[PDB]
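Close look at the chain arrangement
Next come the chains, spelled out residue by residue.
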Amino acid sequence: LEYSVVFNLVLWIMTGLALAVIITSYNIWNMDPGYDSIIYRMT
Amino acid sequence: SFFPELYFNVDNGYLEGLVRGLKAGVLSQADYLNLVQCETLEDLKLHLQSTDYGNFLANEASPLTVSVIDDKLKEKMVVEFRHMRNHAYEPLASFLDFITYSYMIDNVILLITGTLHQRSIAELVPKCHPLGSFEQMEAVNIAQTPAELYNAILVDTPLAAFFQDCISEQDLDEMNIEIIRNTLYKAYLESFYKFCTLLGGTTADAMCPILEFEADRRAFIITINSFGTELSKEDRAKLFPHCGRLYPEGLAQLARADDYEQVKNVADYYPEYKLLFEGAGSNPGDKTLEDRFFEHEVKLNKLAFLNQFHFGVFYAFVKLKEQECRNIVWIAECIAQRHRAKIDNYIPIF
Amino acid sequence: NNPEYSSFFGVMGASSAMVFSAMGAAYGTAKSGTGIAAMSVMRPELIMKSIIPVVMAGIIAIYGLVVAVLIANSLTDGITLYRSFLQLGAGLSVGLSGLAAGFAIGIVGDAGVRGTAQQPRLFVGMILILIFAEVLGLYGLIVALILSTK
Amino acid sequence: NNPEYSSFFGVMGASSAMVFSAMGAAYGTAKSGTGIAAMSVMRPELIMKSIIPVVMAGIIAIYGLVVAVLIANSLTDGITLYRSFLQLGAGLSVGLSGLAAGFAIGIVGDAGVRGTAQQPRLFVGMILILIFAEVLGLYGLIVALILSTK
Amino acid sequence: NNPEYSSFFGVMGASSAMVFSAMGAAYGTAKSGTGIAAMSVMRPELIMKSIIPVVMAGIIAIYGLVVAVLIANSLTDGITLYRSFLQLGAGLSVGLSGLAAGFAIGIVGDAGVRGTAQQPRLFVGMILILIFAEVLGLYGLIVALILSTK
Amino acid sequence: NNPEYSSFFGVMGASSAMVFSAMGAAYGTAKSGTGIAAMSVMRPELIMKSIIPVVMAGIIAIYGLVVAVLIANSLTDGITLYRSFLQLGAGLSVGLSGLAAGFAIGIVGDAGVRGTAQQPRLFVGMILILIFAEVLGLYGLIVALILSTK
Amino acid sequence: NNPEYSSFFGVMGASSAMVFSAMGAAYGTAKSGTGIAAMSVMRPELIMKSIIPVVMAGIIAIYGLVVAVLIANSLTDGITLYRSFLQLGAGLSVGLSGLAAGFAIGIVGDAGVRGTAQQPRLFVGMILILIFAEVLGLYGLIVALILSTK
Amino acid sequence: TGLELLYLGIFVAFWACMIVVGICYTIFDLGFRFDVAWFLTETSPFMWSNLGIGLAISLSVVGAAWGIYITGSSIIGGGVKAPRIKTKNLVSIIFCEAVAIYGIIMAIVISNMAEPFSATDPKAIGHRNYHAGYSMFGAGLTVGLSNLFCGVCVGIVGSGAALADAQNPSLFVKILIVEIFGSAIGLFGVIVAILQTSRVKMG
Ligand SMILES: CCCCCCCCCCCCCCCCCC(=O)OC[C@H](COP(=O)([O-])OCC[N+](C)(C)C)OC(=O)CCCCCCCCCCCCCCCCC
Ligand SMILES: CCCCCCCCCCCCCCCCCC(=O)OC[C@H](COP(=O)([O-])OCC[N+](C)(C)C)OC(=O)CCCCCCCCCCCCCCCCC
Ligand SMILES: CCCCCCCCCCCCCCCCCC(=O)OC[C@H](COP(=O)([O-])OCC[N+](C)(C)C)OC(=O)CCCCCCCCCCCCCCCCC
Ligand SMILES: CCCCCCCCCCCCCCCCCCCC(=O)O[C@H](COC(=O)CCCCCCCCCCCCCC)COP(=O)(O)OCCN
Ligand SMILES: CCCCCCCCCCCCCCCCCCCC(=O)O[C@H](COC(=O)CCCCCCCCCCCCCC)COP(=O)(O)OCCN
Ligand SMILES: CCCCCCCCCCCCCCCCCCCC(=O)O[C@H](COC(=O)CCCCCCCCCCCCCC)COP(=O)(O)OCCN
Ligand SMILES: CCCCCCCCCCCCCCCCCCCC(=O)O[C@H](COC(=O)CCCCCCCCCCCCCC)COP(=O)(O)OCCN
Ligand SMILES: CC(C)CCC[C@@H](C)[C@H]1CC[C@H]2[C@@H]3CC=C4C[C@@H](O)CC[C@]4(C)[C@H]3CC[C@]12C
Ligand SMILES: CC(C)CCC[C@@H](C)[C@H]1CC[C@H]2[C@@H]3CC=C4C[C@@H](O)CC[C@]4(C)[C@H]3CC[C@]12C
Ligand SMILES: CC(C)CCC[C@@H](C)[C@H]1CC[C@H]2[C@@H]3CC=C4C[C@@H](O)CC[C@]4(C)[C@H]3CC[C@]12C
Ligand SMILES: CC(C)CCC[C@@H](C)[C@H]1CC[C@H]2[C@@H]3CC=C4C[C@@H](O)CC[C@]4(C)[C@H]3CC[C@]12C
Ligand SMILES: CC(C)CCC[C@@H](C)[C@H]1CC[C@H]2[C@@H]3CC=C4C[C@@H](O)CC[C@]4(C)[C@H]3CC[C@]12C
Ligand SMILES: CC(C)CCC[C@@H](C)[C@H]1CC[C@H]2[C@@H]3CC=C4C[C@@H](O)CC[C@]4(C)[C@H]3CC[C@]12C
Ligand SMILES: CC(C)CCC[C@@H](C)[C@H]1CC[C@H]2[C@@H]3CC=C4C[C@@H](O)CC[C@]4(C)[C@H]3CC[C@]12C
Ligand SMILES: CC(C)CCC[C@@H](C)[C@H]1CC[C@H]2[C@@H]3CC=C4C[C@@H](O)CC[C@]4(C)[C@H]3CC[C@]12C
Ligand SMILES: CC(C)CCC[C@@H](C)[C@H]1CC[C@H]2[C@@H]3CC=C4C[C@@H](O)CC[C@]4(C)[C@H]3CC[C@]12C
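The rules behind these values
- Residues numbered from 1 in each chain as written, not as in the entry; some residues may be left out.
- Chains lettered and ligands numbered in written order.
- Part of a larger assembly, values for the part shown.
- Heavy atoms only, no water.
- Salt bridge = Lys/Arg side-chain N within 4 Å of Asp/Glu carboxyl O.
- Helix = DSSP H or I, 4+ residues; strand = E, 2+ residues; numbered from the N terminus.
- Buried < 20%, exposed > 50% of the residue type's maximum accessible area, 1.4 Å probe, protein only.
- Expected span 1.5 Å × (residues − 1).
- Bend = angle between axes of the 7 residues up to and from the residue.
- Patch = residues over 30% accessible without salt bridge, like charges linked within 9 Å, V, L, I, M, F, W, Y side chains within 5 Å.
- Areas by Shrake-Rupley, 256 points an atom, 1.4 Å probe, with all protein chains shown as cover.
- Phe/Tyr/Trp six-rings, centres within 6.5 Å; stacked < 30°, edge-to-face > 60°.
- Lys NZ or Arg CZ within 6 Å of the ring centre and 35° of its normal.
- Contact = heavy atoms within 4.5 Å.
- Near = heavy atom within 4 Å.
- Nonpolar A, V, L, I, M, F, W, Y, C, P; charged D, E, K, R; others polar.
- Disulfide = S-S within 2.5 Å.
- Buried area = accessible area lost by both parts, 1.4 Å probe.
- Polar contact = N/O pair within 3.5 Å; in protein donor to acceptor, adjacent residues only side chain to side chain.
- Axes fitted to C-alpha atoms, helices over the stretch in contact; angles between N-to-C directions.
- Parallel < 35°, antiparallel > 145°, perpendicular 65-115°, else oblique.
- Left-handed = near helix turned anticlockwise from the far one by under 90°.

Method of determination, as annotated in the archive: cryo-EM, at 3.2 Å resolution.

What follows is the structure in structure tokens.
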């Protein structure tokens, strides 16, 4: 009988967690490479 | 559309207003006539004090010289641009940096020319354009080593991106300084055009025409000036920027060009350039091709002010004030040399 | 009787008619005004003529208002679902047609005003194009009326 | 014996037919507009000649209007779900075909009016291309009619 | 007997066959017209020969129209839900295959007309590529017919 | 017995097999066409020899067409939900494998034709790489056919 | 129970095992082909050796194909939901591991092929890295071969 | 465009989910579960009415602030060299603020139409109460969004007029007309809102 409650809890909790993981992985993947002092030396 | 109206003024509205206020201070035609009617450089300063310039020249020595006036004008322009830059945010800051790259490209050429001829780099800074000052210390105390200077440029100068058009530091001693300068300017112009296009909106609309004309005039004048020189057509075509409106088959035809008549024929396909070439009689006593291109450049910069929410206003103001400083220096030269006849050759603005 | 929720779609029809038409008119007026103000420094004597696009943009708002008024006067708490859907369709039609016409009027008016600043002969041409954009909003109004009165 | 919400889809046909088409037309009338302005500074004599794109864009709007009015006259309170779906399909077909045709007409007209300032011979070429773009909208109308008059 | 929502999928098949094919043809025509305008500045004599892309783009729209009309003729009050699925699948296939073919034709035609301004010998090659970029739409049409006439 | 909605997944499988494969082939053709247009200016006599990547993209489209027609000929009214899922999986497999193969073919062909303008020996290499991309689509087809005939 | 939709997940497993592996292999092949094109201009004799990355990318596809066929061969009308979930898991494992391995192989191959143009000694090093990257795909395959047969 | 990418991803995912969900509901003969009537009816009219009032005020204030800063940045940038602007161009700001005023007024005109029911059954709540809630929500939307767009438009026109004023004093008097036109839209919204809640009566 509580299908609405658990469905919404799980759906939105997991959507929020997935969004947080995606945002963190994008902030790390698109992190500044950090060797800008070396980009112009290697290239 | 990009709707720059909604968010432009968040970071750049104050500077938009400020640069438009500065542009309001560019000498009008009436002020140019007033300055033209002067008899002596002292009278030129007197008539100039009533304009926006004010007392920029009162401190200097009473026996004025054209060099002093030019230096003061350049200093005022540099101060205004630096003040605008210091108050600008990331996108507009990058735009103004791109504006300064144009002078950094000449300054680095001066540095390499001095280093190859074994003159102290520290002694070349005074002759560099202030707007392209190499405040970085990596390119100083180089000990007159071209390789060290090239490494310094690559490491601690925004020109590192444009120096990848070259292949090695040996090119500094291989290619003529003019070819190096023109290749750097081609790369810089292409980067500037790409940046402006990426900005999009009113910025791209009001700035791409100016860069396109810059590329086209670069192509035309590189073709015209290189006819009698050892600069081969294959090496000449490398100096044509690809931003212009001549890119499809226009730049190629210019590269194949072998005479001014052929350059005029190439320009004929474009009415806006056809008119400039037609008006450039080039015989003594009438406007030359460079003067016609200056008039068109001034026209484009002036039209850049009909848009509101864009960064092209800053580039337009910088170029318009550069032309105004050149006009004032020209008037001072005509006054000093008593050559009143050509005193009308200044290009009016507004 | 009819459903309890029937009036919802008519209410949304009126709201859309006004909101989207207001969006279109506001964009048209803003774009035209920011073109006109920038032109005026160069060609101060043209402002009045150059006000024509703004007026056209304003007319778009009026259309919305008109239809909105209709939907706000023919909408009772017990209207059939059919009439409520008709009013929703009329409102969406007028609102979004006015939005498109307002965008077109803003773009055309700004460009033509600047061109007239640079080329007086363009004035008449601009007007024609503006009319062709303005008519778009009118079209929506027509359809909206046909739907709202039915 | 039919759902009272059946008319909804049919309405969303009419609305759509007049909305999307208008949007498409607007884009046309916008882009071509700008182009004309940009090319009017140097070649004023071509302003009236170079108004064909806008006219074509305008015609696209008319297409939508036609279908919209047709749908707005085929709506009834007891409209079956089948006829309502037919009208929704016709409205979407005409609206989005007109939207695509308006995009094509705007782009082609801007490019053609800008080029004709430099290459007079291009004019006829532009017209041909514009006709092709116009034809796209026409196709939608055809389908819409076939769907809206079953 | 049969579900009343089957006609929705049938009309969606028709309107997709029309709308997506029209969008593909519009993109092809717009890109090809931009390329033709750019090319004709220096090479006016190729304004007509360089119109083949547009035609090859228009053909794509025709494909969609065909399927659309077929669906708009196969629709009836009591189409089995399976028949509606067949019509929807045919419409989606033709519309989206035509959309991809129109993208390819636009890109290829723009590139080919720009190149042919500098190299005449490319023309024939361009044509071949356009054919290879057009059969794609044809393929979709085939599948649509196989689905629509089943 | 079988649910009335079973054929939905089958028709979607056929439509995917056609649409995604056509999208992949269209991307491949577009990229190869741009590459050939850039190449042909300096080295015209390589145009015919450089049409291979477009042919490979066409072959990917043909894979998609084959799977689509197979699904559209094995699709019956009383199609079991299990067989409908099988056909949907076959369609998705072939369509997206062909999409990936078309992307690879487009990028590889563009790079290879551009390079071969400067290095003739690269030609053979390009072909090899293209084949290694082509098999990708082939693999999809294999799986699709299995799922179609299971 | 064996719900009638039980086979859906197994079919999606096969579709994934093929589609994602194909996407990974396509990306690997595209990046490696770009690198080979940019390398062969200056070092033509290295075209055949520097094709090793493509082969590795191809191997990734093979992995997927295997699992896909395996899953395709393990399907059945009354496939229990547990086995369907197992096969979906195997398909996702192999497909996404192959996607990651293909991305890694593409990037590594591009970088190593470009570097080996300038430093021949890098070749062997690249191979080692490539092997590591490819092993990732193998891991996925292994997991798939543990799940699809569990 | 990272945040733009996030917004686009959320939008695309939501609407793809909606398309697939609608297809599943329609095709599996589960349309009866997609009761839009149940949603519009069980949902309390108080939610709609209070969202309407909150939007009527908040969106009007958002438009007023948008226009105010859009035109104030230009005013205070231009006035560095022509301070007279600060004296003359406050009218632009006034117009922007006027938008907000309409907001509160309409909020009042809407908030005066609220009243509890003492009922929960939709038959008990009734057409009058449900239409009152829906119409208060619609009037709030109309006034709030019309005021938002009017405020933004007036701000853009005011920034243009302030930049024009910095260079020629005799232009503002002729550019204010545009602002007046841009202001009319606000009024229109208010009028429509007043027409939407003219015959609204909760209780
Ligand atoms: C990525 C950004 C973050 C996320 C932002 C967007 C969030 C979107 C919000 C999702 C909520 C959707 C409503 C869920 C309820 C409706 C479900 C439904 O139609 O099925 C149940 C309906 C009704 O079910 P029923 O009524 O028979 O069930 C009995 C009732 N219950 C279960 C409550 C006891 O139909 C079915 O039974 C279908 C069964 C199969 C499930 C199909 C679901 C559709 C979507 C599947 C694929 C996912 C789509 C996205 C694709 C990938 C991303 C682009
Ligand atoms: C390219 C994308 C990949 C395709 C798949 C996308 C993800 C979709 C999967 C979401 C998870 C849901 C899995 C099923 C869960 C169990 C549901 C259930 O019990 O079903 C009962 C539902 C509803 O109940 P019912 O109809 O079985 O019960 C009878 C009900 N009456 C009497 C009213 C008719 O029906 C089923 O049995 C459904 C079984 C298959 C469902 C498969 C998922 C639906 C969505 C598929 C994708 C739609 C787009 C297709 C085209 C895509 C092309 C790009
Ligand atoms: C992305 C922009 C928006 C457009 C796409 C999304 C639109 C819908 C998004 C909201 C969520 C889903 C709404 C639908 C809910 C289902 C309602 C329902 O079951 O009742 C149906 C109703 C009633 O179903 P019913 O089972 O009561 O049947 C009637 C039976 N009698 C008469 C006895 C009562 O009928 C319909 O089928 C109406 C059509 C709407 C439902 C289908 C939604 C379409 C979703 C988009 C995909 C279109 C397919 C083609 C793809 C190509 C498009 C060009
Ligand atoms: C790379 C490949 C790897 C994939 C990435 C990871 C993804 C893995 C899956 C994670 C997401 C979902 C995890 C489980 C969700 C279900 C949790 C509740 C379990 C459940 O079914 O509960 C029942 C009741 O549920 C109910 O009453 C309601 C259940 C409905 C829940 C629906 C949730 C929506 C989807 C959520 C995730 C969406 C985005 C995820 C990224 C049983 O309880 P009972 O007492 O009824 O027992 C039965 C007798 N009746
Ligand atoms: C580009 C793609 C091309 C390739 C083809 C596509 C292949 C990938 C897509 C696979 C799609 C299938 C995913 C399966 C989800 C449903 C699994 C069954 C769930 C189930 O029955 O249990 C319910 C739990 O729901 C839940 O909570 C389950 C929801 C799980 C959410 C997590 C999302 C799925 C993870 C895998 C996707 C990975 C994709 C990677 C790109 C219980 O609910 P109840 O009690 O009401 O049951 C009443 C039923 N009798
Ligand atoms: C496109 C592929 C398919 C995607 C489908 C899945 C759904 C979308 C998920 C995102 C997928 C793309 C990756 C984007 C990652 C997040 C955005 C970029 C990174 C990021 O968040 O960092 C900065 C914001 O700070 C932050 O971290 C703040 C963000 C968190 C705010 C959370 C509140 C919003 C909740 C959602 C409800 C609102 C709905 C509105 C429509 C923005 O970076 P930058 O652009 O400044 O720098 C440039 C580079 N980052
Ligand atoms: C190609 C793209 C797709 C285009 C197709 C249109 C998509 C529109 C999306 C909305 C959903 C589709 C519309 C039809 C399905 C409506 C729900 C029918 C289900 C049903 O039987 O519910 C009835 C109530 O719903 C009703 O009677 C509700 C009537 C209203 C339905 C339409 C409302 C949609 C939302 C519109 C918002 C517009 C906003 C504008 C800004 C039953 O009720 P009963 O009386 O038998 O109860 C008996 C209780 N014992
Ligand atoms: C008034 C000016 C702007 C001219 C533009 C015409 C528009 C606004 C008006 C004027 C007369 C109007 C028509 C008069 C009568 C009817 C009959 C009715 O059953 C449906 C609406 C319909 C068909 C109207 C549609 C819209 C209409 C054509
Ligand atoms: C010039 C004015 C009228 C507007 C321009 C568009 C005109 C030509 C369009 C708009 C709506 C159209 C009408 C829409 C619907 C019908 C019903 C049909 O069974 C006969 C044609 C008829 C009556 C159309 C005739 C043409 C029409 C009047
Ligand atoms: C080139 C010309 C003919 C096309 C331009 C006008 C178009 C819109 C008209 C002309 C004749 C029209 C057809 C004439 C009669 C009918 C029968 C009707 O039950 C469905 C629509 C249908 C099939 C029409 C479709 C639209 C149509 C093709
Ligand atoms: C632009 C033109 C030349 C290209 C081709 C378009 C025309 C001729 C096509 C488009 C739609 C087609 C129709 C599609 C469906 C049907 C019903 C079918 O049972 C017999 C033929 C018939 C009636 C077709 C005849 C030809 C047709 C009218
Ligand atoms: C030959 C090449 C160029 C294809 C051009 C024609 C294509 C688009 C069309 C024209 C007539 C069509 C056929 C007409 C009728 C049938 C019978 C039907 O039960 C299944 C499909 C099938 C077999 C069609 C397949 C596609 C088809 C062959
Ligand atoms: C160049 C392009 C069009 C290639 C077309 C693909 C060909 C090879 C494929 C696509 C679908 C295939 C058909 C699918 C179904 C049948 C019916 C079957 O009982 C025998 C073979 C036959 C008749 C196949 C023959 C080959 C076929 C037509
Ligand atoms: C162009 C080619 C290489 C691509 C297709 C690959 C071939 C070899 C594969 C793909 C699918 C395969 C079929 C899949 C399923 C069955 C059913 C089985 O009871 C007999 C073998 C048979 C009929 C297979 C024969 C071989 C087959 C047709
Ligand atoms: C390397 C190239 C040729 C790709 C093909 C790989 C081969 C070795 C793989 C791919 C799929 C595999 C099949 C997958 C599933 C089964 C089911 C089992 O009951 C018998 C073995 C059998 C039939 C496998 C035999 C080997 C197989 C055909
Ligand atoms: C051959 C090279 C690449 C080394 C890879 C190791 C191979 C041979 C190993 C690693 C994991 C192994 C699988 C692990 C689990 C199972 C399921 C079991 O019920 C039977 C064998 C089977 C399917 C194995 C087959 C062989 C396998 C794939």
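Still to come is the rest of the account.
What about the pattern of salt bridges?
Tallied over the full model, the rule gives 33 salt bridges over all chains. Of the charged contacts in the structure, one is a salt bridge between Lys 319 of chain B and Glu 322 of chain B, with a shortest N-O distance of 3.9 Å. Taken as a pair, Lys 319 of chain B and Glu 322 of chain B lie in helix 15 (residues 312-336) at a separation of 3 residues, close to a single helical turn. Comparing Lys 319 of chain B with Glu 322 of chain B shows no difference in burial state: the two are buried. Note that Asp 110 of chain G and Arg 114 of chain G form a salt bridge whose closest N and O atoms lie 2.5 Å from each other. Placement of both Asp 110 of chain G and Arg 114 of chain G in helix 3 (residues 81-118) is noted, with a separation of 4 residues, approximately one turn of the helix. On the accessibility criterion, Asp 110 of chain G (7% relative accessible area) is buried. For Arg 114 of chain G, a relative accessible area of 36% translates into the label partly exposed.

Topic: helix 1 (residues 6-40) of chain D
Helix length check: helix 1 of chain D, at 35 residues, gives a terminal C-alpha distance of 51 Å against a target of 51 Å (1.5 Å per residue), a fit within 8%. The largest bend in helix 1 of chain D amounts to roughly 30° and is located at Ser 16 of chain D.

A short note on a nonpolar patch on the surface
Residues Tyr 26 of chain A together with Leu 5, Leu 8, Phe 11, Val 12, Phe 14, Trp 15, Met 18 and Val 21 of chain H make up a contiguous nonpolar surface patch of about 840 Å² in total accessible area. Along the polypeptide, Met 18 of chain H turns up in helix 1 (residues 2-27).

Points about the packing of aromatic side chains
On inspection of all chains with the given rule, the structure shows 61 aromatic pairs over all chains. Ring centres of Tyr 27 of chain D and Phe 103 of chain D lie 4.5 Å apart, and the angle between their planes is 10°; this geometry places the pair in the stacked category. Of the two residues, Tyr 27 of chain D sits in helix 1 while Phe 103 of chain D sits in helix 3 (residues 81-116), which places them 76 residues apart along the sequence. Classification of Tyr 27 of chain D as partly exposed rests on a relative accessible area of 27%. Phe 103 of chain D gets classed as partly exposed once you look at its relative accessible area, which sits at 38%. The ring of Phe 123 of chain C carries the charged tip of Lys 49 of chain C above its face, separated from the ring centre by 4.8 Å.

Notes on the side chain of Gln 196 of chain H
Along the chain, the position of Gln 196 of chain H falls in helix 7 (residues 172-196). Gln 196 of chain H sits in the buried class, given a relative accessible area of 4%. Setting aside anything within four residues of it in sequence, one finds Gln 196 of chain H in contact with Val 11, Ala 14, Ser 15 and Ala 72 of chain C together with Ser 135, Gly 138, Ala 139 and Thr 142 of chain H.

Examining the site of ligand 12
All residues in the neighbourhood of ligand 12 are listed as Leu 138, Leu 141, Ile 142, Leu 145, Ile 146 and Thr 149 of chain E. The class makeup of the residues in the shell around ligand 12 is 5 nonpolar, 1 polar and no charged.

As for the state of the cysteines
Counted under the stated rule, the structure contains 0 disulfides over all chains. Not part of a disulfide, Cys 128 of chain B finds its nearest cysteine sulfur in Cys 166 of chain B, a span of 18 Å. Overall, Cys 128 of chain B belongs to the buried group, its relative accessible area being 13%. Considering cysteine sulfurs only, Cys 24 of chain H is the nearest to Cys 17 of chain H, which forms no disulfide, with 11 Å between them.

Some details on the interface of chain C and chain H
Size of an interface: often given as the accessible area lost when the parts come together. Between chain C and chain H, the contact holds 41 residues from the first and 43 residues from the second. With both chains or domains summed, chain C and chain H bury close to 3,500 Å², and 78% of this area falls on carbon and sulfur atoms. Per-residue buried area on chain C facing chain H is highest for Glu 4, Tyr 5 and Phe 8 of chain C; these three make up 17% of the total on that side. Between chain C and chain H we count 0 salt bridges in total. In this structure, the connection of chain C to chain H is made through 8 residue pairs in polar contact. Those elements that provide at least two residues to the side of chain C that touches chain H are helix 1 (7-40) and helix 2 (47-73) of chain C. Sorting elements by how many residues they give to the side of chain C that touches chain H places helix 1 of chain C first, with 19 residues. The residue inventory of the side of chain C that touches chain H, partitioned by class, reads 29 nonpolar, 10 polar and 2 charged.

Details of the packing of helix 9 (residues 202-225) of chain B against helix 13 (residues 271-279) of chain B
All names here are of chain B. Look at helix 9 against helix 13: their axes get within 12 Å of each other, and the N-to-C directions meet at 45°. Considering their axes alone, helix 9 and helix 13 lie oblique with respect to each other. Judged by the sense of rotation from one axis to the other, the crossing of helix 9 with helix 13 is right-handed. The residues of helix 13 that touch helix 9, namely those facing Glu 212, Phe 213, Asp 216, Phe 220 and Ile 224, are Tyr 273, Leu 276 and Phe 277.

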